[PDB]
């Protein structure tokens, strides 16, 4: 089978785990565990980081036959090309490219805040920027069923994950944007997705490592 390697946290790997399920991929995962404070040992990974034949050793990684990939985005794209989940027109391609990169931006923002020792000080302020962020996604999506247009593409798995994370962070953030709540429901309603969510493999939380100030357990 294919092998997915990552920490035993949702982190930035949710989209790949969902896409493996949606495509009915034959895969097994290696979920590395980090140690407890003060040490937070990374040994389980570190011992084999440079023994896997990866070009640029990192987590997550994907092993698919003789192909070895790192970089979450490159893993998504690889799987999208494999299963025909890319945009079919220039218009869809552009939408997907922008979405993929914007998600990473909004992700880094949450991460950077969640790892700040001053998290509690900062929250209030970060919370005030949510509406403006969500608004942008809502207006982009509009009346379309999916982010790139008429069909589900790999970017919907990226956007699902980030909107879901923001929603966990702030329960009421999507209340003013019905199309986004609708989108979450539509994504969760995809048959393989609905099944996966009830399974033992589903890892919703924690999102972050032991080290973060939020969703660390």
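Residue numbers count along the first chain shown, from 1. Throughout, rigid core stands for the largest set of C-alpha atoms superposing within 1.5 Å between the two forms.
(message) Between 154-162 and 31-39, which one shows the bigger average Cα displacement from this form in 4 other deposited structures of this protein once the rigid core is aligned?
(response) Between 154-162 and 31-39, the one lying farther away in 4 other deposited structures of this protein is 31-39.
(request) Taking the mean of the C-alpha B-factors per stretch from the entry, tell me the winner out of 84-92 and 118-126. (result) Higher of the two, by average CA B-factor, is 118-126.
(request) Tell me which of 208-216 and 3-11 has the higher mean C-alpha B-factor in the deposited entry. (result) Averaging CA B-factors over each stretch, the winner is 208-216.
(message) In terms of recorded Cα temperature factor, pick the maximum from 59, 155, 54, 34.
(response) Of the candidates given, the C-alpha B-factor peaks at 34.
(request) Sort 113, 79, 99, 136 by C-alpha B-factor from the entry and give me just the highest. (result) Going by the entry's C-alpha B-factors, 113 comes out highest.
(request) State the tercile, meaning the lowest, middle or highest third, of residue 70 with respect to the CA B-factors recorded for its chain. (result) According to the entry, residue 70 has a C-alpha B-factor in the chain's lowest third.
(message) When the deposited Cα B-factors of this chain's modelled residues are ordered and cut into thirds, is residue 175 in the lowest, the middle or the highest one?
(response) Residue 175: CA B-factor falls in the highest third of its chain.
(request) Quick one: classify residue 161 as lowest, middle or highest third of the chain based on its Cα B-factor. (result) Its C-alpha B-factor, which the entry lists for residue 161, ranks in the lowest third among residues of this chain.
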